Ligand SMILES: *O[C@H](C)[C@H](NC(C)=O)C(=O)N[C@H](C(=O)N[C@@H](CCCC)CN[C@@H](CCCC)C(=O)N[C@@H](CCC(N)=O)C(=O)N[C@@H](CCCNC(N)=[NH2+])C(N)=O)[C@@H](C)CC
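Residue numbers (PDB author numbering), protein chains in the order written: chain A, 1 to 99; chain B, 101 to 199.
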């Protein structure tokens, strides 16, 4: 699809068998999801932005379906105010900014 | 152009006669720039990010070039970690997300 930017670019994702809403964020290096269970080992990370840093759990090799398009990569889990799809998965679904 | 997301989508902007680097950010409602001097009166605004909330100065009808495209609109100034171009100006330069 072509997504215009008059409104927040929200899509449905499927992760860990769960449907969620998430923001496509070209300004995010990483993908960050609210508290949920994921399989595998994890390691802590601190990630920052406006307002400072939060602590998250880093899980690797996680599959996500993003608006119907599957991608695999690292997913960070923690107290994010918004579920965010970042560049690590946006690249995999072939997303570009065009103007 | 078509901008891929393997690297941060950094562009050159011009504001106040000065060139700066900024991040094209579909996950940002608004445009937020680091401390600088702008003309006119400002109004208060609170904004949120991944780490919490911050106070910024809101300036309206500011002339700004983004990757060579002219825009005129609202610019927020404050303690953002990085200059970000948000949807308010992405829409003025005709940007879309595509996959
Ligand atoms: O971690 C890497 C190194 C990098 N960090 C830094 C410090 O550069 C990074 O990728 N950080 C990510 C990040 O926070 N990216 C932001 C831009 C770069 C740092 C400033 C953009 N992220 C979005 C995420 C949505 C909120 C969680 C963001 O902050 N959007 C704001 C921008 C401010 C503004 N007014 O536009 C935003 O849109 N805020 C509005 C509210 C959003 C809340 N929505 C709902 N429904 N409640 C607003 N009007 O205030 C992070 C994510 C780590 C990978």
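From the three backbone atoms N, C-alpha and C, an ideal C-beta is built for every residue, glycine too.
- Of 146/B, 178/B, 124/B and 155/B, the smallest CA-CA separation from residue 102/B is found for 124/B.
- Going by C-alpha positions, residue 137/B is about 41 Å away from residue 13/A.
- In this structure, the straight-line span from the alpha carbon of residue 68/A to that of residue 80/A is close to 23 Å.
- Interface flag for residue 154/B against chain A is set, since a Cβ pair is found closer than 7 Å.
- Annotation: residue 157/B to residue 128/B spans about 16 Å, alpha carbon to alpha carbon.
- Considering only beta carbons, the part of the segment 7-35 of chain A lying closer than 9 Å to chain B consists of 7, 8, 9, 23, 24, 25, 26, 27, 28, 29 and 32, in chain order.
- Comparing alpha carbon positions, the residue from 99/A, 82/A and 62/A closest to residue 41/A is 62/A.
- Nearest neighbour of residue 35/A by Cα position, chosen from 9/A, 18/A and 26/A, turns out to be 18/A.
- By the CB criterion at 7 Å, residue 97/A and residue 109/B fall inside the cutoff.
- For residue 132/B, DSSP records a beta bridge to 176/B and 184/B.
- From the beta-carbon of residue 3/A, the residues of chain B found nearer than 9 Å are 126, 196, 197, 198 and 199.
- Identification of chain B residues near residue 90/A by a Cβ-Cβ cut-off of 7 Å yields 105, ordered along the chain.
- At a cut-off of 6 Å, the beta-carbon of residue 179/B does not count as near ligand 1: no heavy atom of the ligand is closer than that.
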